Amino acid sequence: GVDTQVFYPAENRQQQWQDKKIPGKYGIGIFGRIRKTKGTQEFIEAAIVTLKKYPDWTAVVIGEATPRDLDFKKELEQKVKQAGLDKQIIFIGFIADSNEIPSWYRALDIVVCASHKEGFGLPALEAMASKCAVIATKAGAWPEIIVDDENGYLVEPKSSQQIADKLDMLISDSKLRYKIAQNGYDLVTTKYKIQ
């Protein structure tokens, strides 16, 4: 379950995003360690396809690469630069503070949970508790938290284009995005609330 006293929606998402002082008007995020098994590459590749189409949207990677994966993070940064998207795909720096993370969920419209295998679904639950629309793999939303097209989306692991297709759809139909997000929120505050 998730602590809904910690993870919850802001009063004004557009303002929470503005307060981060990063380019764009609407955000998409991925949380956790930067490592290939976490799906960070499918996220970046999906963002490169998607964000060429939507200039007001920005993707953020919230987490860091451990030493063994610094090379991987550099390759991702290169892919972004070579696509001409360094104003729309941003790797956020580490901060120790307890609420940075919950505050990020409050600033984001969409969260992607792209893990190939690892996870207990907590970042899907945290995102849903914050009324973010979630796109996840089976691992990302373990164990079967999401009903596709009802309270989030499901994608196969290792498929950047499937993530892009879902991002495209959620960005282009805001009414659908808000309904999906609300449905996810309703589910987690009812069935996965710690208190």
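Since every read-out is calculated from the coordinates, none of them should be taken as a lab result. So basically every Cβ, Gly included, is an ideal-geometry build from the backbone, and we count neighbours across all protein chains shown.
Key figures
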quantity: Separation in nanometres of the label points that stand 7 Å from Cα toward Cβ, at residue 158 and residue 118; calculated: 1.8 nm
quantity: Leading residue at positive end of dipole, the range 8-121 (Cβ point charges), from 12, 47, 32; calculated: 47
quantity: Inter-site label distance for residue 193 and residue 103 at 7 Å from Cα along Cβ, in nm; calculated: 2.6 nm
quantity: Translational diffusion coefficient (Stokes-Einstein; Kirkwood radius from C-alpha pairs) of the chain at 37 °C, 0.692 mPa s, in µm²/s; calculated: 202 µm²/s
quantity: Of 85, 70, 167, the one that fluctuates the most in a GNM where the chain has Cα springs shorter than 10 Å; calculated: 70
quantity: Diffusion coefficient, µm² s⁻¹, Stokes-Einstein with Kirkwood Rh over alpha-carbon pairs of the range 1-108 at 25 °C and 0.890 mPa s; calculated: 169 µm²/s
quantity: GNM top mover of 80, 111, 147 - the chain, alpha-carbon springs below 10 Å; calculated: 147
quantity: Segment residue 175-residue 3, length gained on full extension (0.36 nm per residue, minus Cα span); calculated: 59.2 nm
quantity: Packing-based exposure ordering (other Cβ within 10 Å, fewest first) of 138, 21; calculated: 21, 138
quantity: Estimated distance in nm for a label pair at residue 78 and residue 149, the labels positioned 7 Å out from Cα along Cα-to-Cβ; calculated: 4.0 nm
quantity: Protection proxy ranking of 93-102, 178-187 - average other beta-carbon atoms within 10 Å, highest first; calculated: 178-187, 93-102
quantity: Charge dipole (debye, nearest 20) of the chain; +1 at Cβ of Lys and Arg, -1 at Cβ of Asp and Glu; calculated: 280 debye
quantity: Under 24 Å from the Cα of residue 25 - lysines, other chains or at least 8 residues apart; calculated: 52, 53, 79, 81, 87, 131, 166, 175, 179
